[PDB]
């Protein structure tokens, strides 16, 4: 300090060797995630609905049962909407809240509002129940390692982990600047105006965000994630390297390098998503959204039946390795 917000610029991974990679691949369970983390979220959960409450309680209860020292905060606020003033609640789960720096994984836990059509209900399986369940499975699978971050008299982390589950990512109607990103626009502004660490004179919680890794629209077959931003390109390249090495070790399922997920191509345009209010305030973003979107995007067919189990399993392994390497665990 006050150079500590520049540490993210020089931060390097602590790369896992083959033995450790095999351990991570064996330590995550796609069937356990499916039953215990994902299926309870495959419900109608637009903001303010009973399902939104049920989804929030589920996310909190799955984090609270873990051994690591997660601190849960519910960030509840009002916003104008096309249907008038409404309440929204982001979920923030933080290890070591006073650590200056956090790696941040995020997704949205609301589902887009639709009236029931032909007795069908929109549950947003890729969008984003699967991202939610991936974050919960990561917390569970890495629980023993994340517990070592716990602050004692001997070690106090400089860098730790935070999960954000945004409410209200979706428009109530179709997208507009005022009807979308309710939770992320609120939370980015809040973090930008909150000193961090406690007592700081001139640094905010946003300065402490090392990297925002935003998962969206994951779970369909054959996703291709572009390398959107130059100031996170080196971390995109790490995802590529992790995918390549897990592949070569035989630790991925139904996977080829020709059909790899992290491909060598950029994307010039802007995708509206929860990263935008953070990106426009200078937070580095790794946006794990596929291009093109799943074929089922914003249809009633974005459901459990159309999820690709082995692709989600593969991405769990890649993401968990990424997080351990980032945190030097």
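The term rigid core refers to the most C-alpha atoms you can superpose between the two forms while keeping them within 1.5 Å. Numbering follows the first chain given and starts at 1.
In 5 other deposited structures of this protein, superposed by the rigid core, the C-alpha atoms of 157-165 lie farther from the shown form than the other of 157-165 and 238-246.
Across the superposed structures in 5 other deposited structures of this protein, aligned by the core, the stretch whose Cα atoms lie more distant on average is 170-178, chosen from 170-178 and 101-109. For the cut-off of one third of the other compared entries, residue 204 stays well clear, since all of them model it along with its flanks. Omission of residue 152 is seen in a third or more of the other entries compared for this protein where the adjacent residues are built.
As recorded in the PDB entry, 152-160 is the stretch of 86-94 and 152-160 with the greater mean C-alpha temperature factor. Averaged over Cα atoms, the B-factor as recorded in the entry is higher for 263-271 than for the other of 263-271 and 23-31. Of all the options 215, 129, 212, 147, the entry's greatest CA B-factor is assigned to 147. When the CA B factors of the chain's modelled residues are split into thirds, the value for residue 60 lands in the middle one. In this PDB entry, the Cα temperature factor of residue 69 sits in the top third of its chain's modelled residues, the highest group. Residue 174: CA B factor in the highest third of modelled residues in this chain (values from the PDB entry).
Compared with the other modelled residues of the chain, the Cα B-factor recorded for residue 38 ranks in the middle third. In this PDB entry, the Cα temperature factor of residue 227 sits in the middle third of its chain's modelled residues.
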